[PDB]
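Some notes on the structure that comes next.
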Amino acid sequence: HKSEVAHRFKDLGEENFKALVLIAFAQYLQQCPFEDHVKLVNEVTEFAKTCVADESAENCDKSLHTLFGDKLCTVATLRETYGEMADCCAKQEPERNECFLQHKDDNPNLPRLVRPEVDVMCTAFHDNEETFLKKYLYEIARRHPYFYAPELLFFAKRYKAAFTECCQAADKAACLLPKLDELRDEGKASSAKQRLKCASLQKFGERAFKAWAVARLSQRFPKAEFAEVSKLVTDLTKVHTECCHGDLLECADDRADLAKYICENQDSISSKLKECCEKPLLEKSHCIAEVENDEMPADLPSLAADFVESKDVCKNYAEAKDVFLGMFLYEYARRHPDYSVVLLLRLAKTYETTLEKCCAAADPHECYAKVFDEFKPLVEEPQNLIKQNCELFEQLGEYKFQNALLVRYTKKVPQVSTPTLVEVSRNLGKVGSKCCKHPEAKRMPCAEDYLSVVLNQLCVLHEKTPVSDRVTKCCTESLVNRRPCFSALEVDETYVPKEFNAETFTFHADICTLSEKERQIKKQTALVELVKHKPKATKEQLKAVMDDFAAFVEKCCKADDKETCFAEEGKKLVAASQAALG
Ligand SMILES: CCCCCCCCCCCCCCCC(=O)O
Ligand SMILES: CCCCCCCCCCCCCCCC(=O)O
Ligand SMILES: CCCCCCCCCCCCCCCC(=O)O
Ligand SMILES: CCCCCCCCCCCCCCCC(=O)O
């Protein structure tokens with residue numbers, strides 16, 4: 001308790017400590033070279049070991065914040081490289097630390113990381129495992145300055161396991177590349193979710209966040225009392241606040257305390273927490289955040305008795321509105337792990353809205369009596385969309401399902417740029433691949449999780465380059481109306497067709513030699529453009545052009561000669577398709 005560095009050092013172990021100190025420094029000093037960070041890591045590690053051997057040695061009594069800032073301020077090139085950030089070094093703690101957070105530039109001006117050739121990676125890995133993994137850890141951390149460090153470490157170890165397994169493999173590429181791709185997709189998803197949660201907290205306020213957190217925690221911990229859930233919600237809320245502010249040190253301490261508590265009160269919270277509650281300090285909270293829903297208690301009363309049939313409803317509600325409403329959410333959510341959180345939120349809002357009306361009426365009990373019937377069309381709405389879309393997905397498979405979305409959404413919002421429609425339709429396609437493989441009871445939470453990020457990202461793009469008032473509308477609506485607003489978008493009949501352009505519908509033989517992935521992109525790009533030029537073409541008319549085109553490509557990649565086939569039959573395709581559409 002005398003030395004904080006010594007304590008984290010012993011809790012973490014040297015390997016973990018060295019890796020975490022690297023990430024921490026990378027995130028603040030995003031411009032310094034790797035070799036300079038390695039020096040810092042080594043100096044701090046050496047210092048930490050002095051304090052382990054003698055708790056009373058010099059500076060071992062200093063706080064982590066103070067030690068960290070001291071080291072940041074020793075970098076002599078600070079004013080030259082980071083300018084204003086160097087002025088933080090003139091301040092005392094905690095203002096100094098606060099000053100550093102202010103200059104932690106997210107989305108910095110750095111070139112995208114390029115994946116080298118498989119044999120190249122594997123050879124660098126075998127020849128120098130440490131620098132290979134540490135160098136890349138440094139490259140990822142500096143580009144993702146807000147990514148919670150220990151989760152970034154959890155990714156790194158999965159990257160190591162991917163190289164260990166696959167480099168020793170017969171077909172390295174067939175092993176490694178789909179593993180690297182899955183990890184890229186999960187990594188980008190985790191990051192986007194983290195940014196999404198901090199954005200929500202900021203745009204919408206604490207109340208909406210707590211309501212979200214009550215529903216989520218209640219689904220996950222159905223055996224827990226409302227007062228345990230209420231406690232966890234308060235703590236969670238403080239944790240996210242601190243973690244969103246960007247202070248790695250405070251964030252990590254707040255998380256550790258929370259995980260420790262949950263594990264000490266295990267039996268009072270969930271039966272499924274045993275695995276997580278034995279794991280080491282570094283992994284506890286990440287494990288807990290991931291845990292499966294517990295099984296719901298079997299003998300649960302009808303909701304109607306406490307929330308519709310009770311005579312004291314308004315009396316219990318006016319006494320403490322947010323508490324009553326929160327109890328409603330807890331009760332509704334633990335009974336429905338199959339609903340999305342935002343759906344549980346729409347329900348709570350509806351109940352609130354009717355209680356605000358009914359409790360002021362002559363006879364309350366006979367006003368709010370049929371409230372549960374207004375729930376029905378709110379529940380069925382996302383259920384039907386998921387059914388319809390997963391049926392369509394299973395008949396067509398990922399790629400053609402993607403093409404169907406492309407047509408649907410290009411017609412709805414044709415002013416959106418072609419490359420953007422292709423991207424979102426492809427991403428939406430993936431959500432179909434992931435979520436439709438689940439049985440009905442798990443589909444809606446799955447969709448919510450993927451859709452919320454796809455929708456956020458989208459809204460962020462549109463913010464940069466505005467195109468439609470309809471998109472702006474849905475993007476700035478309550479968090480709980482967002483997706484319903486997008487779902488309600490009509491075909492744009494206001495839209496004037498894009499002038500025909502021959503270059504857009506000319507194809508060369510280079511499309512026979514491109515990767516399946518890039519072959520798809522090319523064809524999907526043309527499709528969007530086709531819909532933009534002929535927005536009133538029927539599903540049937542469009543299917544005829546797509547069938548011809550497919551054949552047109554088949555006839556000119558598998559024969560003898562090719563360049564003339566594409567130029568010859570292509571002119572015939574464009575002309576025949578043009579007359580078929582008027
Ligand atoms: C000069 C001091 C440098 C020390 C660098 C900070 C590294 C310590 C932070 C690691 C604690 C993380 C504990 C995990 C908590 C959790 O998420 O459950
Ligand atoms: C233990 C108290 C937790 C606080 C819970 C407050 C209950 C509010 C439920 C109404 C739903 C509000 C939906 C949030 C976003 C929105 O307003 O659109
Ligand atoms: C950044 C703070 C994750 C915090 C870790 C504390 C673990 C207890 C909370 C477990 C419930 C899940 C909360 C995450 C919400 C979600 O699943 O989307
Ligand atoms: C630059 C921003 C582009 C604007 C967005 C254009 C693409 C619209 C995508 C709509 C996805 C909505 C998901 C709801 C599922 C549904 O009911 O269709």
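Identifiers in the structure tokens: chain A, B, ... in order shown; residue index from 1 per chain; ligand index from 1 in order shown.
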**Item:** Nearby residues (only C-alpha atoms) at most 7 Å from segment 323-328 of chain A, same-chain spacing under 6 positions excluded, as a ChimeraX atom specification
**Value:** /A:211,226,316-317,348
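The environment of segment 390-397 of chain A within 8 Å, counting only C-alpha atoms and disregarding residues fewer than 4 places along the same chain, consists of residues 386, 401, 432, 433 and 436 of chain A.
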Take the residues from that selection and put them in a file with C-alpha atoms, as a CSV table (one decimal), in the first residue's frame.
chain,number,residue,atom,x,y,z
A,386,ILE,CA,-36.1,-9.6,-38.8
A,401,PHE,CA,-29.0,-10.3,-50.3
A,432,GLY,CA,-27.7,-10.8,-41.9
A,433,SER,CA,-24.9,-13.4,-42.0
A,436,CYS,CA,-29.8,-15.0,-38.9
**Message:** At a cut-off of 9 Å and counting only C-alpha atoms and all ligand atoms, what residues surround ligand 2? Please answer as a ChimeraX atom specification.
**Reply:** /A:204-215,226-227,229-231,233-234,321-330,342,344-353,477-481
**Request:** List the neighbours of residue 421 of chain A out to 12 Å using only C-alpha atoms; skip same-chain residues closer than 6 positions along the sequence, and give me the result as an MDAnalysis selection string.
**Result:** chainID A and resid 402:403 405:415 427:428 458 461:462 521 524:529 531:532
Using only C-alpha atoms and all ligand atoms, tabulate the residues of chain A lying at most 6 Å from any atom of ligand 1, each with its closest atom pair and that distance in Å to one decimal, by chain and increasing residue number, as a Markdown table.
| residue | atom | partner | partner_atom_place_in_ligand_line | distance |
| --- | --- | --- | --- | --- |
| A:20 | CA | ligand 1 | 7 (C) | 5.5 |
| A:21 | CA | ligand 1 | 5 (C) | 4.6 |
| A:64 | CA | ligand 1 | 2 (C) | 4.7 |
| A:67 | CA | ligand 1 | 1 (C) | 4.4 |
| A:68 | CA | ligand 1 | 1 (C) | 3.9 |
| A:249 | CA | ligand 1 | 9 (C) | 5.7 |
| A:252 | CA | ligand 1 | 15 (C) | 4.5 |
| A:255 | CA | ligand 1 | 16 (C) | 4.9 |
| A:256 | CA | ligand 1 | 18 (O) | 4.3 |
| A:281 | CA | ligand 1 | 14 (C) | 5.7 |
| A:282 | CA | ligand 1 | 14 (C) | 4.2 |
| A:283 | CA | ligand 1 | 18 (O) | 5.9 |
| A:284 | CA | ligand 1 | 18 (O) | 5.0 |
| A:285 | CA | ligand 1 | 18 (O) | 4.0 |
**Request:** Write out as a PyMOL selection string which residues come within 7 Å of segment 117-129 of chain A when counting only C-alpha atoms, dropping same-chain ones fewer than 6 positions away.
**Result:** chain A and resi 163+167+173
Between chain A and ligand 4, at 10 Å or less, what are the per-residue closest atom pairs and their distances in Å? Count only C-alpha atoms and all ligand atoms, order by chain and rising residue number, and return it as a tab-separated table.
residue	atom	partner	partner_atom_place_in_ligand_line	distance
A:381	CA	ligand 4	17 (O)	9.8
A:382	CA	ligand 4	17 (O)	8.5
A:385	CA	ligand 4	17 (O)	6.7
A:386	CA	ligand 4	17 (O)	9.0
A:389	CA	ligand 4	16 (C)	8.9
A:405	CA	ligand 4	18 (O)	8.0
A:406	CA	ligand 4	7 (C)	8.8
A:408	CA	ligand 4	18 (O)	7.9
A:409	CA	ligand 4	8 (C)	5.4
A:410	CA	ligand 4	7 (C)	7.3
A:411	CA	ligand 4	8 (C)	9.6
A:412	CA	ligand 4	8 (C)	7.4
A:413	CA	ligand 4	6 (C)	5.9
A:414	CA	ligand 4	6 (C)	8.2
A:415	CA	ligand 4	4 (C)	8.5
A:416	CA	ligand 4	3 (C)	5.4
A:417	CA	ligand 4	1 (C)	7.1
A:418	CA	ligand 4	3 (C)	9.6
A:419	CA	ligand 4	1 (C)	9.8
A:420	CA	ligand 4	3 (C)	6.4
A:421	CA	ligand 4	7 (C)	5.8
A:422	CA	ligand 4	7 (C)	9.1
A:423	CA	ligand 4	7 (C)	9.3
A:424	CA	ligand 4	7 (C)	6.5
A:425	CA	ligand 4	9 (C)	7.3
A:428	CA	ligand 4	11 (C)	7.7
A:447	CA	ligand 4	15 (C)	9.8
A:451	CA	ligand 4	13 (C)	7.1
A:452	CA	ligand 4	13 (C)	9.2
A:454	CA	ligand 4	11 (C)	8.2
A:455	CA	ligand 4	11 (C)	6.8
A:456	CA	ligand 4	2 (C)	9.9
A:457	CA	ligand 4	2 (C)	8.5
A:458	CA	ligand 4	2 (C)	4.9
A:459	CA	ligand 4	2 (C)	5.9
A:460	CA	ligand 4	2 (C)	7.6
A:461	CA	ligand 4	1 (C)	4.9
A:462	CA	ligand 4	1 (C)	3.8
A:463	CA	ligand 4	1 (C)	7.6
A:464	CA	ligand 4	1 (C)	8.1
A:465	CA	ligand 4	1 (C)	6.6
A:466	CA	ligand 4	1 (C)	6.8
A:467	CA	ligand 4	1 (C)	7.0
A:468	CA	ligand 4	4 (C)	7.6
A:470	CA	ligand 4	4 (C)	9.0
A:471	CA	ligand 4	4 (C)	5.9
A:472	CA	ligand 4	4 (C)	8.6
A:474	CA	ligand 4	12 (C)	9.7
A:475	CA	ligand 4	4 (C)	9.2
A:482	CA	ligand 4	12 (C)	8.9
A:483	CA	ligand 4	14 (C)	5.5
A:484	CA	ligand 4	14 (C)	7.1
A:485	CA	ligand 4	14 (C)	8.1
A:486	CA	ligand 4	12 (C)	4.7
A:487	CA	ligand 4	17 (O)	3.5
A:488	CA	ligand 4	17 (O)	7.0
A:489	CA	ligand 4	18 (O)	8.2
Mind dumping a table of every chain A residue within 10 Å of ligand 3, with the nearest atom pair and its distance in Å to one decimal, using only C-alpha atoms and all ligand atoms, sorted by chain and rising number, as a Markdown table?
| residue | atom | partner | partner_atom_place_in_ligand_line | distance |
| --- | --- | --- | --- | --- |
| A:148 | CA | ligand 3 | 1 (C) | 8.0 |
| A:193 | CA | ligand 3 | 18 (O) | 8.2 |
| A:194 | CA | ligand 3 | 1 (C) | 7.8 |
| A:197 | CA | ligand 3 | 18 (O) | 8.7 |
| A:198 | CA | ligand 3 | 1 (C) | 9.5 |
| A:212 | CA | ligand 3 | 15 (C) | 8.9 |
| A:213 | CA | ligand 3 | 15 (C) | 7.1 |
| A:214 | CA | ligand 3 | 11 (C) | 9.6 |
| A:215 | CA | ligand 3 | 15 (C) | 9.9 |
| A:216 | CA | ligand 3 | 15 (C) | 6.5 |
| A:217 | CA | ligand 3 | 11 (C) | 5.5 |
| A:218 | CA | ligand 3 | 11 (C) | 9.1 |
| A:219 | CA | ligand 3 | 11 (C) | 9.4 |
| A:220 | CA | ligand 3 | 11 (C) | 7.0 |
| A:221 | CA | ligand 3 | 11 (C) | 8.6 |
| A:232 | CA | ligand 3 | 8 (C) | 7.8 |
| A:233 | CA | ligand 3 | 9 (C) | 8.7 |
| A:235 | CA | ligand 3 | 6 (C) | 9.0 |
| A:236 | CA | ligand 3 | 2 (C) | 6.4 |
| A:237 | CA | ligand 3 | 2 (C) | 8.3 |
| A:238 | CA | ligand 3 | 2 (C) | 9.1 |
| A:239 | CA | ligand 3 | 2 (C) | 5.8 |
| A:240 | CA | ligand 3 | 1 (C) | 5.1 |
| A:241 | CA | ligand 3 | 1 (C) | 8.7 |
| A:242 | CA | ligand 3 | 1 (C) | 8.9 |
| A:243 | CA | ligand 3 | 1 (C) | 6.2 |
| A:244 | CA | ligand 3 | 1 (C) | 8.1 |
| A:251 | CA | ligand 3 | 1 (C) | 7.8 |
| A:252 | CA | ligand 3 | 1 (C) | 9.0 |
| A:254 | CA | ligand 3 | 2 (C) | 8.7 |
| A:255 | CA | ligand 3 | 5 (C) | 5.9 |
| A:256 | CA | ligand 3 | 6 (C) | 8.3 |
| A:257 | CA | ligand 3 | 6 (C) | 9.3 |
| A:258 | CA | ligand 3 | 6 (C) | 6.2 |
| A:259 | CA | ligand 3 | 7 (C) | 6.1 |
| A:260 | CA | ligand 3 | 7 (C) | 9.8 |
| A:261 | CA | ligand 3 | 8 (C) | 9.7 |
| A:262 | CA | ligand 3 | 8 (C) | 7.5 |
| A:284 | CA | ligand 3 | 7 (C) | 8.2 |
| A:285 | CA | ligand 3 | 5 (C) | 4.7 |
| A:286 | CA | ligand 3 | 5 (C) | 6.0 |
| A:287 | CA | ligand 3 | 7 (C) | 7.7 |
| A:288 | CA | ligand 3 | 7 (C) | 4.9 |
| A:289 | CA | ligand 3 | 10 (C) | 4.0 |
| A:290 | CA | ligand 3 | 12 (C) | 6.6 |
| A:291 | CA | ligand 3 | 10 (C) | 7.4 |
| A:292 | CA | ligand 3 | 11 (C) | 9.6 |
| A:293 | CA | ligand 3 | 11 (C) | 9.6 |
| A:341 | CA | ligand 3 | 18 (O) | 9.3 |
| A:445 | CA | ligand 3 | 18 (O) | 9.9 |
| A:449 | CA | ligand 3 | 18 (O) | 7.6 |
**Contacts of segment 500-510 of chain A within 7 Å, only C-alpha atoms, excl. fewer than 4 positions in-chain, as an NGL selection string** = :A and (514 or 526 or 533 or 562-563 or 566 or 570)
**Message:** Need the shell around residue 399 of chain A: protein/DNA/RNA residues with any atom at most 9 Å away, counting only C-alpha atoms. Skip same-chain ones fewer than 4 positions apart. Format as a PyMOL selection string?
**Reply:** chain A and resi 403-404+426+429+520
**Item:** DSSP-assigned helix (DSSP H, G or I) among segment 300-489 of chain A, expressed as a PyMOL selection string
**Value:** chain A and resi 303-309+313-318+321-334+341-358+372-412+418-435+440-464+469-476+482-487
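Here atom CA of residue 338 of chain A is placed at a distance of 5.6 Å from atom CA of residue 442 of chain A.
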**Request:** Using atom CA of residue 110 of chain A and atom CA of residue 130 of chain A as the two end points, give the distance in Å to one decimal.
**Result:**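 Taking atom CA of residue 110 of chain A and atom CA of residue 130 of chain A, their separation equals 23.4 Å.
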**Request:** Find the residues near segment 302-313 of chain A: any atom within 9 Å, counting only C-alpha atoms, skip ones fewer than 6 places away on the same chain, and give them as a list in words.
**Result:** residues 328, 331, 332, 355, 359, 364, 365, 368, 369, 370, 371 and 372 of chain A
